[PDB]
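Visitor: Below is a structure I'd like to ask you about.
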Amino acid sequence: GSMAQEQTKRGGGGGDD
Amino acid sequence: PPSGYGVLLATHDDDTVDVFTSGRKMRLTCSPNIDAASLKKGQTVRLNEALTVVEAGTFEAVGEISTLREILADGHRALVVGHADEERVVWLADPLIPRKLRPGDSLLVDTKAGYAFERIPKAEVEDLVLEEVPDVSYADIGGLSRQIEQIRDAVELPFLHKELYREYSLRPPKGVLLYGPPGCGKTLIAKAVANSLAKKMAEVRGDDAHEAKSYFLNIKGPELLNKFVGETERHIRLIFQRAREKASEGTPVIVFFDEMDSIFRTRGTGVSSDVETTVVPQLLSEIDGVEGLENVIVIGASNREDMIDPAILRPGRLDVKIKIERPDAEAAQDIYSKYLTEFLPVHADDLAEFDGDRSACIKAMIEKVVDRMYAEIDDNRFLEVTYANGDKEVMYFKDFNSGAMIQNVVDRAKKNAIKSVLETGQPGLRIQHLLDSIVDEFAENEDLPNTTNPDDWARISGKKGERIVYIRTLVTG
Amino acid sequence: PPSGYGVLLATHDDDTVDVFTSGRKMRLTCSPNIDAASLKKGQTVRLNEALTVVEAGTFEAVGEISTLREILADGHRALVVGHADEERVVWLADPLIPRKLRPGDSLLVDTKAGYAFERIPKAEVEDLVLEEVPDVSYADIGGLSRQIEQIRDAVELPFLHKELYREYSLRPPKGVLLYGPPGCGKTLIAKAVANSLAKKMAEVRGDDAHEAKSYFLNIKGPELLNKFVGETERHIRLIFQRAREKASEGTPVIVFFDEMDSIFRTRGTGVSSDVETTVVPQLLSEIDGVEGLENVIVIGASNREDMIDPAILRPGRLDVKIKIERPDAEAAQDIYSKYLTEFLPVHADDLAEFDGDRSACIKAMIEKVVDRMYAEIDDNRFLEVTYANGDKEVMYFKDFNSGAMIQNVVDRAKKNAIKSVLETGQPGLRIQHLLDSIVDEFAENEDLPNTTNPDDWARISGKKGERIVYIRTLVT
Ligand SMILES: Nc1ncnc2c1ncn2[C@@H]1O[C@H](COP(=O)(O)OP(=O)(O)OP(=O)(O)O)[C@@H](O)[C@H]1O
Ligand SMILES: Nc1ncnc2c1ncn2[C@@H]1O[C@H](COP(=O)(O)OP(=O)(O)OP(=O)(O)O)[C@@H](O)[C@H]1O
Ligand SMILES: [Mg+2]
Ligand SMILES: [Mg+2]
């Protein structure tokens with residue numbers, strides 16, 4: 001059970017004005 | 001006479017300047033009452049109904065804070081990001097051309113005009129590194145006179161005498177490694193150094209309050225670990241950049257890596273974990289890299305120096321090695337004197353033998369307790385170590401003394417004295433209480449040893465020359 | 001005095017110019033003072049309440065920046081994507097229609113006007129690492145002459161004689177590796193080559209410091225690793241694009257990777273994370289691929305030669321693998337000469353025997369101290385390396401020596417001299433101080449080795465044929 005790091009993936013957001 | 005406000009953009013030789021007003025750039029002249037040459041870029045100026053400059057004000061505005069990315073080559077513009085990942089190029093104001101601007105620092109900017117008026121320092125703040133100033137000083141530490149002198153020469157001496165070092169062309173040390181057995185006292189020296197630095201920053205220079213807190217950035221081993229790829233390196237770079245920017249000429253900034261042994265293990269060791277092969281290279285690159293530290297001292301305390309990576313222990317990164325040794329009889333006497341002060345209540349019967357002489361009574365009690373701990377009797381026989389040849393070496397409790405153990409003995413004696421006060425009503429402290437505390441502690445530490453224990457082979461087998469193959473607990477009960 | 005401003009859009013034969021102003025496009029007449037022939041698209045102009053163009057000006061310098069997406073066929077327009085994934089077709093102004101506006105370039109643009117002007121990325125932060133050029137040159141490095149000759153032949157020589165290389169159809173080496181034990185002087189060469197390159201750029205092209213420093217990049221190691229997937233590879237691609245742009249077949253760009261093992265591995269040694277499994281192929285493609293770096297040199301420094309991926313350690317990528325060995329007696333003498341300068345104060349006791357001849361006295365002291373430290377006496381015995389064969393070997397402190405240790409010894413001697421002059425008042429470094437510093441240093445670095453150390457013992461174990469099973473410190 002070796003500890004492992006992570007890399008996340010962003011999700012686009014919808015913003016107006 | 002209603003007078004408006006606008007933002008100055010640039011100056012021209014025609015005594016006329018460009019001002020952003022009402023959302024548009026207008027080229028307008030200056031009234032004779034105000035000098036156009038004295039004006040500066042990014043200045044809030046006053047206007048009127050005839051569109052003429054009448055007054056120039058401070059660089060005060062309300063604007064969004066944008067993270068600085070990079071200054072342009074021409075040195076007048078910088079790239080910043082926004083909340084919506086919006087990148088913009090903005091002219092730097094007069095005060096921002098003052099400490100050097102660095103990436104990752106928030107700048108107050110108005111996107112409509114695109115001017116960064118000032119930099120907000122508290123937006124990029126780290127409270128984890130800051131540590132509360134301890135009360136412990138050098139006078140509160142005993143039995144380590146040589147180590148204290150060595151660390152003083154390593155840290156305080158170069159900054160007190162800078163002209164002589166410049167004359168001899170000598171640079172201050174770029175790292176100190178305090179190492180040793182558990183309980184012998186390493187955090188205490190760090191507290192004393194931090195307190196001395198706090199005093200130097202408070203009274204010698206007199207800058208302001210909280211300035212002492214700013215120096216001596218303290219971080220523990222596990223604190224740097226994060227759950228991501230290439231995030232601990234970001235912390236290392238940020239803390240080293242903060243230390244570099246805060247330090248000045250003759251100004252010492254000390255970074256303490258307490259519990260150095262757990263983190264920064266030797267690369268290639270440890271099947272379960274692999275964070276070392278990333279954290280250690282960053283530290284090796286930050287210290288003694290292509291661009292080196294100027295006035296930064298890195299202090300590392302570790303109970304397992306052997307476990308630390310060999311690349312960081314070499315000279316140039318950790319130059320001054322200070323080993324803390326277990327106290328001897330004189331060191332034990334000094335440590336006891338550091339705790340059994342004259343302000344502790346003494347029983348009248350205790351002072352009877354010396355006609356109320358508190359100092360002599362305390363000195364005699366300290367001598368008695370030191371003799372009791374440093375007597376080779378069947379009571380103090382702790383373990384026997386048998387090597388391959390079969391010879392047995394008897395190790396007593398004296399070989400396992402520590403300042404923490406002495407403090408615990410004193411505290412247990414005080415607790416027993418208070419119990420006696422509550423039960424029998426007789427106030428004061430008794431030497432027999434100290435003797436009973438000694439017996440209790442040495443009986444309690446009987447079950448600690450195991451088949452193999454650390455911190456003893458490296459100091460025993462070297463002189464003996466024989467590998468330790470068995471350790472036996474001595475007479476029980 | 002009150003005069004407006006606007007943005008030029010296009011010109012006509014009617015002595016009329018289209019100007020965008022106040023959020024609207026108009027057509028206006030130029031004043032007789034200004035000639036419409038010299039006007040270019042995107043130039044900023046000054047207006048008035050009479051709405052007449054009076055004077056042209058430089059292009060806009062600030063605003064939002066938008067990554068370029070593609071270049072249209074006509075060449076006067078290009079598609080660019082905004083920050084929030086909005087795409088617009090915008091004209092290309094005069095300065096962009098120098099280096100081609102290649103796709104993938106965040107162009108400075110005005111959305112309302114619809115015109116482009118400039119660009120840049122975050123890889124420049126690497127250039128910010130070397131804000132101060134080190135002053136150490138090749139004259140300050142001692143004990144290494146063949147290595148300095150090789151590193152000069154790899155970098156300075158190809159650009160010193162272009163015609164000879166062209167005649168022999170020989171290209172400059174694509175990459176250089178420097179490897180050796182810690183403290184042997186890899187970073188010294190790494191910063192000396194950068195100093196030399198900065199001097200060359202200052203003396204040849206221009207006296208500006210920023211442009212001279214712009215030709216050396218300092219990676220610092222794991223700085224490339226990022227939180228999000230595919231961003232570190234993009235950073236590497238941007239770095240190599242920046243490197244290829246500055247090259248002109250006569251100006252080298254040196255990208256220095258420090259601690260090569262940090263980000264490069266054998267793609268299987270990664271246990272906790274395998275980011276290198278994606279990072280390595282990107283760099284391999286960047287170095288050699290369908291399109292190859294013509295005039296870019298990559299210099300890597302590491303302490304673990306074998307741990308690097310075999311693909312990187314290949315001819316055609318890392319052509320010359322310079323090995324830096326631990327100093328011998330001659331190298332120690334050279335280092336001491338480089339450190340014990342003639343101008344250091346010296347006690348009159350030392351000068352009494354040599355009639356005050358500072359140089360001869362210092363040379364004699366250096367020889368005496370190097371002889372003292374390079375002595376095979378029982379007091380210098382450090383470790384006993386054993387093997388399965390049984391050929392026990394006694395190692396001395398001289399074996400574990402480096403320039404860093406010599407510098408530390410000199411610093412300790414200087415500290416002892418300063419303490420002596422503070423306490424007693426007689427200045428001058430003494431010979432006995434160096435001997436005391438040597439023995440104190442060898443005592444301080446005694447209990448360093450761990451149970452097993454693959455640092456430099458692997459080579460000796462391979463030489464003897466058997467593996468190490470036990471080592472002990474032989475002191476007292
Ligand atoms: N002169 C002294 N020498 C040793 N210990 C002392 C001395 N004076 C006081 N002590 C006490 O010893 C205790 C332990 O000290 P310290 O916390 O420095 O050990 P440590 O270095 O943290 O050990 P480790 O690093 O192995 O945990 C302290 O609580 C302190 O009160
Ligand atoms: N001729 C020399 N050979 C080796 N070291 C030298 C020499 N002259 C001076 N030194 C000193 O040695 C120190 C270490 O050199 P350097 O920084 O190049 O090693 P390094 O690349 O950091 O090693 P590693 O990367 O393995 O830690 C320098 O601070 C320098 O002052
Ligand atoms: Mg501690
Ligand atoms: Mg190095």
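Labels for the structure tokens follow display order: chains A, B, ..., residues from 1 in each chain, ligands from 1.
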Neighbouring residues of ligand 4 are defined here as those with any atom at most 9 Å from a ligand atom, counting only C-alpha atoms and all ligand atoms; list them as a list in words.
Guide: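 Final answer, ordered by chain and number: residues 284, 285, 288, 289 and 290 of chain B; 182, 183, 184, 185, 186, 187, 188, 190, 258, 259, 301, 302 and 303 of chain C.
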Visitor: For chain A, work out the contacting residues on chain B at 9 Å, counting only C-alpha atoms, and write them as a PyMOL selection string.
Guide: chain B and resi 84+226-229+271-275
Visitor: Neighbours of ligand 3 within 10 Å, counting only C-alpha atoms and all ligand atoms, as a VMD selection string?
Guide: chain B and resid 182 to 188 190 220 258 to 260 301 to 303
Visitor: Dump as a list in words the residues of chain C that approach chain B to within 6 Å, counting only C-alpha atoms.
Guide: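 Listed by rising number, the hits are residues 1, 2, 3, 4, 62, 63, 64, 65, 83, 225, 226, 227, 262, 272, 404, 405, 448 and 450 of chain C.
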Visitor: Dump as a list in words the residues of chain C that approach chain A to within 12 Å, counting only C-alpha atoms.
Guide: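 Listed by rising number, the hits are residues 83, 84, 85, 86, 225, 226, 227, 228, 229, 230, 231, 232, 270, 271, 272, 273, 274 and 275 of chain C.
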Visitor: If you run DSSP on the backbone, which residues of stretch 261-333 of chain B are strand (DSSP E or B), as a PyMOL selection string?
Guide: chain B and resi 265+296-302+308+320-323
Visitor: With N, CA, C and O atoms retained, export the selected residues as a compact mmCIF listing (two decimals), in the first residue's frame.
Guide:
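Below is the file result08.txt, written as the result:
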# COMPACT_ATOMS: atom_id res chain seq x y z
N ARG B 265 15.15 11.86 3.89
CA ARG B 265 15.87 10.60 4.03
C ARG B 265 16.76 10.37 2.82
O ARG B 265 16.57 10.97 1.76
N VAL B 296 21.73 33.79 4.80
CA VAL B 296 20.76 32.84 5.31
C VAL B 296 21.51 31.68 5.96
O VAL B 296 22.43 31.12 5.35
N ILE B 297 21.12 31.34 7.18
CA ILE B 297 21.70 30.23 7.92
C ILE B 297 20.61 29.18 8.13
O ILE B 297 19.54 29.49 8.65
N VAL B 298 20.89 27.95 7.71
CA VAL B 298 19.93 26.85 7.81
C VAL B 298 20.36 25.94 8.95
O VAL B 298 21.43 25.34 8.90
N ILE B 299 19.51 25.83 9.97
CA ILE B 299 19.80 25.04 11.16
C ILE B 299 18.97 23.76 11.10
O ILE B 299 17.74 23.82 10.96
N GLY B 300 19.64 22.62 11.22
CA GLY B 300 18.95 21.35 11.18
C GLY B 300 19.20 20.51 12.42
O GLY B 300 20.34 20.22 12.76
N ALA B 301 18.12 20.11 13.09
CA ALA B 301 18.25 19.25 14.29
C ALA B 301 17.73 17.85 13.96
O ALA B 301 16.61 17.75 13.42
N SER B 302 18.52 16.81 14.26
CA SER B 302 18.11 15.43 13.89
C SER B 302 18.63 14.42 14.91
O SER B 302 19.78 14.57 15.35
N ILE B 308 20.05 11.07 7.36
CA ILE B 308 20.00 12.22 6.47
C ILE B 308 20.82 11.93 5.21
O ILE B 308 21.80 11.18 5.23
N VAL B 320 28.94 23.67 9.89
CA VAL B 320 29.23 23.51 11.31
C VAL B 320 28.40 22.36 11.86
O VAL B 320 27.18 22.46 11.97
N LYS B 321 29.06 21.26 12.21
CA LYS B 321 28.41 20.12 12.84
C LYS B 321 28.62 20.20 14.35
O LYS B 321 29.76 20.28 14.82
N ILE B 322 27.52 20.19 15.10
CA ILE B 322 27.56 20.25 16.56
C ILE B 322 26.86 19.01 17.10
O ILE B 322 25.67 18.80 16.84
N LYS B 323 27.59 18.21 17.86
CA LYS B 323 27.07 16.98 18.44
C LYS B 323 26.77 17.21 19.92
O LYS B 323 27.63 17.66 20.67
Visitor: If I take atom CA of residue B:413 and atom CA of residue B:433, how far is one from the other in Å, to one decimal?
Guide: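 Rounded to one decimal, the two atoms are 5.4 Å apart.
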Visitor: Which residues of chain C have any atom within 10 Å of an atom in ligand 2 when counting only C-alpha atoms and all ligand atoms, and what is the closest pair of atoms for each, with the distance in Å to one decimal? Order the rows by chain and rising number and write it as CSV.
Guide:
residue,atom,partner,partner_atom_place_in_ligand_line,distance
C:136,CA,ligand 2,31 (O),9.6
C:138,CA,ligand 2,1 (N),9.5
C:139,CA,ligand 2,1 (N),9.6
C:140,CA,ligand 2,8 (N),6.6
C:141,CA,ligand 2,1 (N),4.2
C:142,CA,ligand 2,1 (N),3.6
C:143,CA,ligand 2,1 (N),5.0
C:144,CA,ligand 2,1 (N),6.3
C:145,CA,ligand 2,1 (N),9.5
C:178,CA,ligand 2,21 (O),9.1
C:179,CA,ligand 2,26 (O),8.2
C:180,CA,ligand 2,26 (O),7.0
C:181,CA,ligand 2,26 (O),5.8
C:182,CA,ligand 2,26 (O),3.2
C:183,CA,ligand 2,23 (O),3.9
C:184,CA,ligand 2,4 (C),4.3
C:185,CA,ligand 2,18 (O),3.1
C:186,CA,ligand 2,21 (O),3.8
C:187,CA,ligand 2,18 (O),3.3
C:188,CA,ligand 2,18 (O),3.7
C:189,CA,ligand 2,18 (O),6.5
C:190,CA,ligand 2,18 (O),7.4
C:191,CA,ligand 2,18 (O),8.3
C:192,CA,ligand 2,18 (O),9.7
C:258,CA,ligand 2,25 (O),7.6
C:259,CA,ligand 2,25 (O),6.9
C:301,CA,ligand 2,25 (O),7.1
C:302,CA,ligand 2,25 (O),6.5
C:303,CA,ligand 2,26 (O),5.2
C:304,CA,ligand 2,26 (O),9.0
C:324,CA,ligand 2,3 (N),8.9
C:325,CA,ligand 2,4 (C),9.4
C:326,CA,ligand 2,4 (C),8.1
C:327,CA,ligand 2,3 (N),7.2
C:331,CA,ligand 2,1 (N),7.1
C:332,CA,ligand 2,1 (N),8.0
C:333,CA,ligand 2,1 (N),9.7
C:334,CA,ligand 2,1 (N),7.1
C:335,CA,ligand 2,1 (N),5.1
C:336,CA,ligand 2,8 (N),8.5
C:337,CA,ligand 2,8 (N),9.8
C:338,CA,ligand 2,8 (N),7.0
C:339,CA,ligand 2,9 (C),7.6
C:401,CA,ligand 2,4 (C),9.5
C:402,CA,ligand 2,4 (C),5.8
C:403,CA,ligand 2,5 (N),3.3
C:404,CA,ligand 2,12 (O),3.7
C:405,CA,ligand 2,12 (O),7.4
C:406,CA,ligand 2,11 (C),7.5
C:407,CA,ligand 2,11 (C),6.0
C:408,CA,ligand 2,31 (O),8.8
Visitor: Next, the residues of the selection above should be written as a compact mmCIF listing (two decimals), in the first residue's frame with C-alpha atoms.
Guide:
# COMPACT_ATOMS: atom_id res chain seq x y z
CA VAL C 136 33.46 33.16 -10.88
CA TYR C 138 37.61 29.55 -15.24
CA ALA C 139 40.56 31.18 -13.46
CA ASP C 140 38.85 30.50 -10.11
CA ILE C 141 38.54 26.73 -10.70
CA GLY C 142 41.58 24.61 -9.92
CA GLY C 143 42.47 20.94 -10.18
CA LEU C 144 40.43 20.53 -13.39
CA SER C 145 42.18 21.27 -16.69
CA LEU C 178 28.66 16.50 -16.00
CA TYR C 179 28.77 13.77 -13.37
CA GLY C 180 30.81 13.06 -10.26
CA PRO C 181 30.83 12.77 -6.47
CA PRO C 182 29.18 15.57 -4.48
CA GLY C 183 31.22 18.71 -3.94
CA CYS C 184 33.70 18.01 -6.74
CA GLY C 185 32.86 21.22 -8.61
CA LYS C 186 30.06 20.61 -11.11
CA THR C 187 28.06 23.72 -10.23
CA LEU C 188 31.27 25.76 -10.39
CA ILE C 189 31.69 24.90 -14.07
CA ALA C 190 27.94 25.28 -14.58
CA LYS C 191 28.07 28.89 -13.37
CA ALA C 192 31.45 29.69 -14.96
CA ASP C 258 20.46 20.68 -12.19
CA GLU C 259 20.12 17.33 -10.41
CA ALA C 301 24.55 17.94 -13.92
CA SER C 302 23.81 15.00 -11.64
CA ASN C 303 25.22 12.98 -8.75
CA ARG C 304 23.71 9.61 -9.80
CA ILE C 324 34.74 14.97 -12.42
CA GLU C 325 36.92 12.92 -10.08
CA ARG C 326 37.82 13.60 -6.47
CA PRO C 327 40.91 15.83 -6.13
CA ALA C 331 44.37 19.16 -7.43
CA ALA C 332 44.38 19.84 -3.69
CA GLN C 333 47.44 22.07 -4.11
CA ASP C 334 45.71 23.94 -6.95
CA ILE C 335 42.54 24.45 -4.89
CA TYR C 336 44.52 25.69 -1.88
CA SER C 337 46.39 28.10 -4.15
CA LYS C 338 43.05 29.33 -5.50
CA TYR C 339 41.79 29.88 -1.93
CA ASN C 401 37.99 14.87 -0.09
CA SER C 402 36.62 17.61 -2.33
CA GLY C 403 36.94 21.31 -3.01
CA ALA C 404 34.08 22.00 -0.61
CA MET C 405 36.03 20.37 2.23
CA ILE C 406 39.11 22.45 1.38
CA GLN C 407 37.02 25.63 1.39
CA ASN C 408 35.52 24.64 4.74
Visitor: Mind pulling up the distance from atom CA of residue B:325 to atom CA of residue B:368?
Guide: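 Atom-to-atom, atom CA of residue B:368 and atom CA of residue B:325 are spaced 22.7 Å apart.
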Visitor: Among stretch 261-379 of chain C, which residues carry a DSSP assignment of alpha helix (DSSP H), reported as a ChimeraX atom specification?
Guide: /C:276-287,329-339,348-353,358-373
